[PDB]
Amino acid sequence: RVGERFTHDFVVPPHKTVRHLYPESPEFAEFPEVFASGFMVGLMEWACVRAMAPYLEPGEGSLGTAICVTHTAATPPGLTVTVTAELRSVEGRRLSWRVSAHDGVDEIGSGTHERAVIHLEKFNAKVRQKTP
């Protein structure tokens, strides 16, 4: 239901730091070993995917359609990041949550995430037609 909360916990391992998001990037190579924003985004989206799985009919999946978050503190490997996903809206294919994350020491970021339900087969065909 709208206003209901779902929580998801994740101990950050060494291979979720900045240099592991883009090993191809010399520009990130030497960066301090902290949980990457892109991996925080993927953990927030993962919490919302687990929260919505009962809503899916067979054949369906979902895609992230927007992310709007802050990243307010840094997290080295070893701390547990808890994400809280509070459902904000559910209408047809369209779902939205307020997401927030804290590492046991600091609040690390919060904001919103929107997803859309998709038909997996139809979607994969559209993907194939723009695949080289």
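Residue positions are given as counts along the sequence shown, with the first one as 1.
According to the PDB record, 55 to 63 carries the higher mean C-alpha B-factor of the two stretches 98 to 106 and 55 to 63.
Per the PDB record, of the two stretches 107 to 115 and 18 to 26, 18 to 26 carries the greater mean B-factor over its C-alpha atoms. Annotation for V90: C-alpha temperature factor in the highest third relative to the rest of the modelled chain, per the entry. In the deposited entry, the Cα temperature factor of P76 sits in the middle third of values across the chain's modelled residues. The entry lists a Cα temperature factor for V11 that places it in the lowest third of the chain's modelled residues.
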